[PDB]
Amino acid sequence: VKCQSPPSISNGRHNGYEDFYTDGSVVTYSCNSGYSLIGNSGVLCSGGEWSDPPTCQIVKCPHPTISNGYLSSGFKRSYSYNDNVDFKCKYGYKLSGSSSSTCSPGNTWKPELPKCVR
C-alpha cells in the first residue's frame, strides 16, 4: 500500500514539498502560527498507514518561578515549548525538583519547578 499526503491534525498542517510517501517516510506536521509542534517532529507512514503523529498546540508557559531558587540563567515575560531556565537555589538551600527546566509544550515549566529547600 502506498502512502499519500497525511491527513490534517490538531489545528496544524502537514506535507512539506511532496504528495506520496509509500512507507518508511515521515511528515513534519505544521502548526497554526504560534502553535508548538509537540510529539515526533514528523509523522511516519510505514505500510500505507501513517503512525506517530505529533501535535500542534500552544506552549506558552507561565513563569519559571520558585522558592528562593529562581532560574538565574535566562527568564522572559513569556516562554514557548523551550527557554530552558536553569534554577539557582538562593543560598544554603537545595532545589527539590529540578535545577533545569524549559517552557514545555504543555504551557508550563518542565520538569516541575525546583523548590530551594534546606
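Mind telling me which of the residues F75, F87 ends up being in contact (Cβ under 8 Å) with a residue 12 or more places away in the chain, surrounded by fewer than 16 Cβ atoms within 10 Å (Cβ to Cβ) and either of a type outside the set (V, I, T) or part of a strand (DSSP E or B) (or both)?
Details: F87 fails: surrounded by fewer than 16 Cβ atoms within 10 Å (Cβ to Cβ).
On inspection, the qualifying residue turns out to be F75.
Scan the range 23-71 residue by residue and report those that are exposed (fewer than 13 other Cβ atoms within 10 Å of the Cβ) and either without any contact (Cβ under 8 Å) to a residue 12 or more places away in the chain or within 30 Å of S96 (Cβ to Cβ) (or both).
Passing the criteria: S33, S51, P62.
I'm checking my understanding of the structure. Among residues of the range 1-19 that are in contact with a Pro (Cβ under 8 Å, 6 or more places away or on another chain) and in a loop (DSSP other than H, G, I, E, B), which one is farthest from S36 (Cα to Cα)?
Going through the qualifying residues, I end up with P6.
Take the residues in the range 90-110 that are without any contact (Cβ under 8 Å) to a residue 40 or more places away in the chain and within 12 Å of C61 (Cβ to Cβ), then tell me which one is surrounded by the fewest Cβ atoms within 10 Å (Cβ to Cβ).
This residue is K110.
We place every Cβ from the backbone using ideal geometry, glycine too, and count neighbours over all the protein chains shown. Values quoted throughout were computed directly from the atomic coordinates according to the rules given, and no laboratory measurement underlies them.
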